[PDB]
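In what follows, a structure is listed as structure tokens, so that the remarks can point back to it.
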Amino acid sequence: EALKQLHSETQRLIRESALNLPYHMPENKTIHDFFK
Amino acid sequence: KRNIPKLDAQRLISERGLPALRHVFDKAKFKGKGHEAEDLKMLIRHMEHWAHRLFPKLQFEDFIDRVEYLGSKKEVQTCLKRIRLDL
Amino acid sequence: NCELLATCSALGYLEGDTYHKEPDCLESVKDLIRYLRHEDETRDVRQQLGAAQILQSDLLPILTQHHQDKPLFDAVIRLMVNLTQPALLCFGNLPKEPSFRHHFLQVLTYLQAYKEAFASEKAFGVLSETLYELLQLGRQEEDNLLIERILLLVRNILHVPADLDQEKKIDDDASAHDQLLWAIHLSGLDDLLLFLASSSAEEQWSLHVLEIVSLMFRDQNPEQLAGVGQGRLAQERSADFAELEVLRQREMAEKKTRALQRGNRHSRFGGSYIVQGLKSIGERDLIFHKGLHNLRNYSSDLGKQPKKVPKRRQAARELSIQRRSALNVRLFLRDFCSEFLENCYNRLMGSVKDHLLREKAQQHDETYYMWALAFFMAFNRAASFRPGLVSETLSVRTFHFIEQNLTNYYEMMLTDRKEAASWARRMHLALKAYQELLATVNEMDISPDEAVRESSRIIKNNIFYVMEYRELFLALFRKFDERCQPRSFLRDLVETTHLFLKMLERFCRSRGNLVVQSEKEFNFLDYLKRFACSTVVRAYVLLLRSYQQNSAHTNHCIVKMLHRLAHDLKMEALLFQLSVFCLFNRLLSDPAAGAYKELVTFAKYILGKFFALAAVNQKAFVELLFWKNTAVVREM
DNA sequence: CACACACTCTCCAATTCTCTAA
């Protein structure tokens with residue numbers, strides 16, 4: 001029963017933790033490099 | 001005039017309906033394990049014949065589509081629980 | 001008619017491959033705009049100008065050869081936007097009376113003509129050169145107005161329904177839409193759309209560019225599109241020959257089955273038989289007239305016709321059939337998907353969600369959002385998968401957004417009777433996005449990165465801990481209707497439910513997951529017994545009817561879920577139905593039954609259980625006839 | 001002409017909409 005409470009608390013912490021991903025956005029460049 | 005049959009619960013609780021369906025398989029026989037396809041063909045043949053005798057107007061699949069809906073009604077349901085077990 | 005004819009003919013004359021404009025052509029196009037702004041409700045000026053083909057005859061040459069005359073050019077752009085305006089906007093709604101529906105069809109036909117004409121590459125070349133100058137300049141009210149009207153012109157020309165009676169075109173012949181996309185590619189306006197989506201300086205156009213992209217991709221689906229390699233043409237040649245071979249062999253086999261069904265004697269070769277052991281509809285035995293060869297496989301409905309089911313009772317049907325676009329267009333669209341996913345997805349999708357937050361978007365633009373959320377996520381899943389390029393929409397916020405949109409569409413489908421089919425199509429888009437998010441959170445567990453594995457476990461924990469994502473499938477199955485929703489909706493729903501239950505099974509069998517929602521206890525089989533309902537099995541059987549036409553994955557999913565529900569939960573008697581038994585009879589009598597080993601084995605298993613119960617008592621035959629609630633436990 | 005096409009017109013009833021009990 002205490003184990004059940006600890007499971008609830010730990011899984012609350014896991015589900016609340018923020019995401020970590022290999023995020024990126026590539027290089028900015030003006031319209032000249034796109035169009036021609 | 002306008003003596004068109006309908007296939008409502010009164011038709012289903014008629015003599016040709018569930019009271020007949022309780023008895024049509026008395027003559028039937030089945031092979032059992034490993035021959036379920038043949039037993040299924042005999043089963044559908046018997047109940048298709050019963051459907052044809054009950055209400056010849058419809059094809060068998062359309063009759064099934066009608067009756068599977070129509071069983072929800074209270075009159076045929078009371079007759080069902082009479083047919084189940086006995087009066 | 002006469003004044004409009006005089007004013008339109010006043011514009012210019014075409015000499016060979018060159019167009020000469022009269023000096024007052026600017027005032028002429030202004031007059032045409034004036035007439036269009038003072039149309040009748042029948043859209044009479046749009047009809048008359050489309051009949052005259054003034055757009056193709058005058059405005060396209062003026063666009064492609066006199067774009068330097070800027071005051072004429074912007075008026076011409078506005079005039080083309082007004083002419084190319086979609087018919088649903090022109091009339092407000094699809095009409096429901098003969099005269100106004102005819103007017104709608106006439107305007108739509110002229111839109112077909114406009115779309116066919118705009119495939120000329122010079123039009124989009126001029127438009128792309130202009131918009132390149134405008135975005136280099138980007139800034140004025142007139143400048144952003146011109147950008148908006150150019151983007152609306154592209155939207156309008158992309159958004160016409162193809163008249164598939166005339167576009168009755170084969171597997172990969174270039175449709176009008178294909179030619180339009182190829183013209184966009186050659187003009188380089190695709191690069192400008194990519195620039196608008198990737199650039200952070202002008203994000204107000206991100207919603208419009210999303211609309212342009214959503215209208216670009218309509219025939220395509222990402223799984224097929226991502227696999228189009230450079231050597232695909234030779235492969236598809238051999239594939240076409242193989243498909244023709246198997247189709248022809250199948251038809252020959254069907255012909256021989258029919259030939260052996262009937263006799264080898266002619267039709268009027270008479271003779272009649274009595275079947276002594278078979279009562280007719282009267283008291284006497286049946287007299288049979290169609291011959292011994294029809295008696296060999298006798299059915300009691302040989303001579304009957306189908307029933308005329310009424311209009312309000314008829315099932316819905318698919319609005320599209322999968323003609324591929326031309327292979328060059330497919331290569332261009334795959335490259336566009338690659339560049340969009342790499343350079344454009346995160347910023348554009350964040351900007352569009354910001355637009356939804358600011359609430360300046362139109363009343364159903366989240367449908368475009370969910371379209372892209374399905375499409376490009378599935379494109380990423382196909383071929384080399386990389387969550388880093390698509391990280392933004394993996395947030396739990398997107399799951400919540402999809403859930404609220406799907407439930408809203410569900411309620412509007414159940415309430416808004418007059419628009420229920422469109423609400424069903426919107427709910428289908430939301431369901432597809434939800435399915436693809438389930439697919440990607442499934443996919444990233446296979447990846448080698450511990451960080452995205454942590455993100456996956458986070459997402460799975462909160463999504464399975466929150467109940468409303470879990471109960472939505474039971475809601476959809478309980479209020480699914482074939483009369484409103486096509487079979488593709490049911491197919492996607494079954495696939496999504498199988499994937500969701502698979503992931504939930506894995507999560508509960510690898511981790512505790514002991515509580516849900518205010519915590520309350522939870523176990524996996526308790527949730528699975530919710531699906532032990534007559535409506536759910538009825539829908540699953542409804543999809544099972546098309547087992548030949550279903551994909552192999554769909555057959556695997558449907559038989560797996562039904563076998564789970566029958567065997568593990570021990571509720572075979574729920575699946576005992578006579579329609580289901582007719583389905584099994586056709587399945588077992590199929591000449592191609594060897595290709596459906598799992599299905600036929602499951603059918604034999606459930607049939608053996610039924611015949612055991614029937615050997616126990618005769619009540620099984622009567623109980624087999626009617627759908628059945630939790631009182632099925634008597635039979636079990 | 002008396003036996004067949006084609007059209008109009010009438011009322012029956014088949015299916016859904018709305019209110020109520022389980």
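Note on naming: chains are A, B, ... as they come in the structure tokens, residues start from 1 per chain, ligands start from 1 in the order shown.
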
*asked:* With 10 Å as the limit and counting only C-alpha atoms (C1' of nucleotides), what residues in chain D lie close to chain C? Please list them as a ChimeraX atom specification.
replied: /D:14-16

*range 62-66 of chain B: which residues within 10 Å, counting only C-alpha atoms (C1' of nucleotides), same-chain residues fewer than 2 positions away excluded, as number ranges by chain?*
B: 7-8, 48, 51-52, 54-60, 68-71; C: 306-307, 309, 577-579, 582, 625-626

*asked:* Quick check: residues of chain D within 12 Å of chain B, only C-alpha atoms (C1' of nucleotides), returned as a ChimeraX atom specification.
replied: /D:11-14

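Take CA of residue 627 in chain C and CA of residue 576 in chain C: the distance between them is 8.6 Å.
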
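The space between CA of residue 147 in chain C and CA of residue 189 in chain C spans 12.8 Å.
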
Neighbours of chain C in chain A at 6 Å, counting only C-alpha atoms, as a short mmCIF file (atom, residue, chain, number, x, y, z; two decimals) with C-alpha atoms, in the first residue's frame:
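Result file selection-v3.cif:
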data_model
loop_
_atom_site.label_atom_id
_atom_site.label_comp_id
_atom_site.auth_asym_id
_atom_site.auth_seq_id
_atom_site.Cartn_x
_atom_site.Cartn_y
_atom_site.Cartn_z
CA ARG A 15 5.21 11.71 -16.63
CA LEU A 19 10.87 16.06 -23.09
CA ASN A 20 14.44 15.73 -24.39
CA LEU A 21 14.96 15.39 -28.15
CA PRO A 22 17.67 15.92 -30.82
CA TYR A 23 16.07 19.24 -31.75
CA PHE A 34 16.26 29.55 -52.43
CA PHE A 35 15.04 30.94 -55.75
#

*By how many Å are CA of residue 424 in chain C and CA of residue 526 in chain C apart?*
29.4 Å

*Pick out the residues sitting within 9 Å of residue 377 in chain C, and hand them over as a ChimeraX atom specification; count only C-alpha atoms (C1' of nucleotides), and ignore anything fewer than 3 positions along from it in its own chain.*
/C:222,341,372-374,380-382,387,390,393,433,436-437,440

Suppose we keep C-alpha atoms; can you now write the selection as an mmCIF file, in the first residue's frame?
data_model
loop_
_atom_site.group_PDB
_atom_site.id
_atom_site.type_symbol
_atom_site.label_atom_id
_atom_site.label_comp_id
_atom_site.auth_asym_id
_atom_site.auth_seq_id
_atom_site.Cartn_x
_atom_site.Cartn_y
_atom_site.Cartn_z
ATOM 1 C CA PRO C 222 3.373 9.478 -47.575
ATOM 2 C CA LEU C 341 10.484 18.234 -43.268
ATOM 3 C CA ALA C 372 0.049 18.159 -42.051
ATOM 4 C CA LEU C 373 0.486 16.543 -38.637
ATOM 5 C CA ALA C 374 -0.570 13.225 -40.174
ATOM 6 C CA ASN C 380 9.275 10.931 -41.583
ATOM 7 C CA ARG C 381 8.339 7.436 -40.384
ATOM 8 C CA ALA C 382 8.797 6.147 -43.929
ATOM 9 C CA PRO C 387 12.498 12.639 -34.713
ATOM 10 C CA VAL C 390 9.957 16.862 -36.448
ATOM 11 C CA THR C 393 4.674 18.108 -32.749
ATOM 12 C CA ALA C 433 -3.319 12.479 -36.942
ATOM 13 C CA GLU C 436 0.235 8.759 -36.802
ATOM 14 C CA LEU C 437 1.267 10.104 -33.392
ATOM 15 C CA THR C 440 5.727 7.649 -34.165
#

Compile a residue-level contact table for chain C against chain B at a cut-off of 10 Å, reporting for every qualifying residue the shortest atom pair and its distance in Å to one decimal, with only C-alpha atoms counted, rows ordered by chain and ascending number, as a Markdown table.
| residue | atom | partner | partner_atom | distance |
| --- | --- | --- | --- | --- |
| C:278 | CA | B:49 | CA | 8.5 |
| C:279 | CA | B:53 | CA | 8.3 |
| C:280 | CA | B:53 | CA | 7.0 |
| C:281 | CA | B:53 | CA | 4.7 |
| C:282 | CA | B:53 | CA | 7.9 |
| C:298 | CA | B:45 | CA | 8.5 |
| C:299 | CA | B:45 | CA | 7.4 |
| C:300 | CA | B:49 | CA | 6.4 |
| C:301 | CA | B:59 | CA | 5.6 |
| C:302 | CA | B:59 | CA | 8.8 |
| C:303 | CA | B:59 | CA | 9.4 |
| C:304 | CA | B:59 | CA | 6.5 |
| C:305 | CA | B:59 | CA | 7.3 |
| C:306 | CA | B:59 | CA | 6.7 |
| C:307 | CA | B:58 | CA | 7.1 |
| C:309 | CA | B:62 | CA | 9.9 |
| C:577 | CA | B:68 | CA | 8.9 |
| C:578 | CA | B:64 | CA | 7.3 |
| C:579 | CA | B:64 | CA | 6.4 |
| C:581 | CA | B:40 | CA | 7.5 |
| C:582 | CA | B:44 | CA | 7.3 |
| C:583 | CA | B:61 | CA | 9.9 |
| C:584 | CA | B:40 | CA | 8.5 |
| C:585 | CA | B:40 | CA | 6.8 |
| C:586 | CA | B:41 | CA | 9.9 |
| C:587 | CA | B:37 | CA | 9.8 |
| C:588 | CA | B:37 | CA | 6.6 |
| C:589 | CA | B:37 | CA | 8.3 |
| C:600 | CA | B:37 | CA | 9.8 |
| C:603 | CA | B:36 | CA | 8.9 |
| C:604 | CA | B:36 | CA | 6.0 |
| C:605 | CA | B:36 | CA | 8.6 |
| C:606 | CA | B:36 | CA | 9.4 |
| C:607 | CA | B:36 | CA | 6.1 |
| C:608 | CA | B:36 | CA | 6.2 |
| C:609 | CA | B:33 | CA | 9.6 |
| C:610 | CA | B:36 | CA | 9.5 |
| C:611 | CA | B:32 | CA | 6.9 |
| C:612 | CA | B:32 | CA | 7.9 |
| C:614 | CA | B:30 | CA | 9.9 |
| C:615 | CA | B:30 | CA | 8.9 |
| C:618 | CA | B:22 | CA | 7.2 |
| C:619 | CA | B:84 | CA | 6.6 |
| C:620 | CA | B:22 | CA | 9.6 |
| C:621 | CA | B:21 | CA | 7.7 |
| C:622 | CA | B:21 | CA | 6.7 |
| C:623 | CA | B:84 | CA | 8.6 |
| C:624 | CA | B:68 | CA | 9.7 |
| C:625 | CA | B:68 | CA | 6.6 |
| C:626 | CA | B:68 | CA | 5.0 |
| C:627 | CA | B:68 | CA | 6.2 |
| C:628 | CA | B:72 | CA | 9.3 |

Generate a file of the selected residues that holds C-alpha atoms, formatted as a CSV table (one decimal), in the first residue's frame.
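See result_33.csv below for the written result:
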chain,number,residue,atom,x,y,z
C,278,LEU,CA,-37.3,-30.3,-49.1
C,279,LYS,CA,-40.6,-28.5,-48.5
C,280,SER,CA,-41.5,-25.6,-50.7
C,281,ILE,CA,-43.1,-22.5,-49.3
C,282,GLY,CA,-46.3,-24.5,-49.4
C,298,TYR,CA,-28.0,-25.3,-54.3
C,299,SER,CA,-29.0,-21.9,-52.8
C,300,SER,CA,-32.6,-20.9,-52.0
C,301,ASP,CA,-32.2,-17.4,-53.5
C,302,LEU,CA,-30.9,-18.2,-57.0
C,303,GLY,CA,-33.9,-16.5,-58.8
C,304,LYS,CA,-34.3,-13.5,-56.4
C,305,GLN,CA,-33.4,-9.9,-56.9
C,306,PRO,CA,-31.8,-7.6,-54.2
C,307,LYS,CA,-34.0,-5.2,-52.1
C,309,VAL,CA,-32.9,0.0,-49.6
C,577,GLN,CA,-23.9,-14.6,-35.3
C,578,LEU,CA,-25.6,-15.8,-38.4
C,579,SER,CA,-24.4,-12.9,-40.6
C,581,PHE,CA,-21.5,-17.3,-40.2
C,582,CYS,CA,-22.4,-16.3,-43.7
C,583,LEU,CA,-19.2,-14.3,-43.8
C,584,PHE,CA,-17.3,-17.4,-42.6
C,585,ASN,CA,-19.1,-19.6,-45.3
C,586,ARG,CA,-18.0,-17.2,-48.1
C,587,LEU,CA,-14.5,-17.1,-46.5
C,588,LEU,CA,-14.2,-20.9,-46.4
C,589,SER,CA,-15.7,-21.4,-49.9
C,600,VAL,CA,-9.8,-19.3,-42.0
C,603,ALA,CA,-13.3,-19.1,-38.4
C,604,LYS,CA,-12.8,-22.9,-37.9
C,605,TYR,CA,-11.9,-22.3,-34.2
C,606,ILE,CA,-15.1,-20.2,-33.5
C,607,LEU,CA,-17.2,-22.6,-35.6
C,608,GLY,CA,-15.9,-25.6,-33.6
C,609,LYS,CA,-16.8,-23.9,-30.4
C,610,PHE,CA,-20.3,-23.1,-31.7
C,611,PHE,CA,-20.8,-26.7,-32.8
C,612,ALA,CA,-19.7,-27.9,-29.3
C,614,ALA,CA,-24.9,-26.8,-30.4
C,615,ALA,CA,-24.2,-30.5,-29.6
C,618,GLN,CA,-30.5,-26.9,-29.7
C,619,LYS,CA,-30.8,-23.4,-28.2
C,620,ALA,CA,-27.6,-22.3,-29.9
C,621,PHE,CA,-29.3,-22.1,-33.3
C,622,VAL,CA,-31.9,-19.7,-32.0
C,623,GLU,CA,-29.4,-17.6,-30.0
C,624,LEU,CA,-27.2,-17.4,-33.2
C,625,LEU,CA,-29.9,-15.4,-34.9
C,626,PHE,CA,-29.9,-12.2,-32.8
C,627,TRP,CA,-27.3,-9.8,-31.6
C,628,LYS,CA,-26.7,-10.2,-27.9

*Please report, as a PyMOL selection string, each residue of chain B to which DSSP assigns alpha helix (DSSP H) when run on this structure's backbone.*
chain B and resi 9-12+18-21+36-54+60-70+74-83

Prev. selection, C-alpha atoms, output as a compact mmCIF listing (two decimals), in the first residue's frame:
# COMPACT_ATOMS: atom_id res chain seq x y z
CA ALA B 9 -42.47 -9.27 -34.86
CA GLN B 10 -45.87 -10.89 -35.49
CA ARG B 11 -44.37 -12.68 -38.50
CA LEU B 12 -41.33 -13.74 -36.47
CA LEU B 18 -38.91 -19.05 -33.99
CA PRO B 19 -41.26 -21.93 -33.00
CA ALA B 20 -40.22 -23.62 -36.25
CA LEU B 21 -36.57 -22.64 -35.80
CA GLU B 36 -16.59 -27.31 -39.47
CA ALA B 37 -16.89 -26.03 -43.06
CA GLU B 38 -19.24 -28.85 -44.07
CA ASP B 39 -21.24 -28.46 -40.86
CA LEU B 40 -21.46 -24.72 -41.53
CA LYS B 41 -22.72 -25.36 -45.05
CA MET B 42 -25.43 -27.69 -43.72
CA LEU B 43 -26.30 -25.16 -40.99
CA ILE B 44 -26.68 -22.26 -43.41
CA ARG B 45 -28.60 -24.47 -45.84
CA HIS B 46 -31.13 -25.41 -43.16
CA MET B 47 -31.61 -21.88 -41.83
CA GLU B 48 -31.67 -20.43 -45.36
CA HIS B 49 -34.49 -22.86 -46.15
CA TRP B 50 -36.25 -21.83 -42.94
CA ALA B 51 -35.88 -18.15 -43.88
CA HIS B 52 -37.26 -18.85 -47.36
CA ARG B 53 -40.30 -20.63 -45.92
CA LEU B 54 -40.85 -17.87 -43.34
CA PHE B 60 -31.16 -14.71 -47.27
CA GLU B 61 -28.49 -12.11 -46.45
CA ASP B 62 -31.04 -9.28 -46.60
CA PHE B 63 -33.37 -11.36 -44.41
CA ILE B 64 -30.56 -11.73 -41.86
CA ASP B 65 -29.89 -7.99 -41.96
CA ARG B 66 -33.59 -7.35 -41.31
CA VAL B 67 -34.02 -9.93 -38.54
CA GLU B 68 -30.82 -9.09 -36.63
CA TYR B 69 -32.24 -5.59 -36.19
CA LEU B 70 -35.83 -6.77 -35.67
CA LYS B 74 -40.20 -6.50 -27.17
CA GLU B 75 -42.83 -8.88 -28.60
CA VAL B 76 -40.33 -11.11 -30.39
CA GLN B 77 -37.99 -10.83 -27.39
CA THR B 78 -40.66 -12.11 -25.00
CA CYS B 79 -41.38 -14.93 -27.45
CA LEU B 80 -37.61 -15.55 -27.56
CA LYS B 81 -37.36 -16.04 -23.80
CA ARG B 82 -40.41 -18.31 -24.07
CA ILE B 83 -38.68 -20.36 -26.80
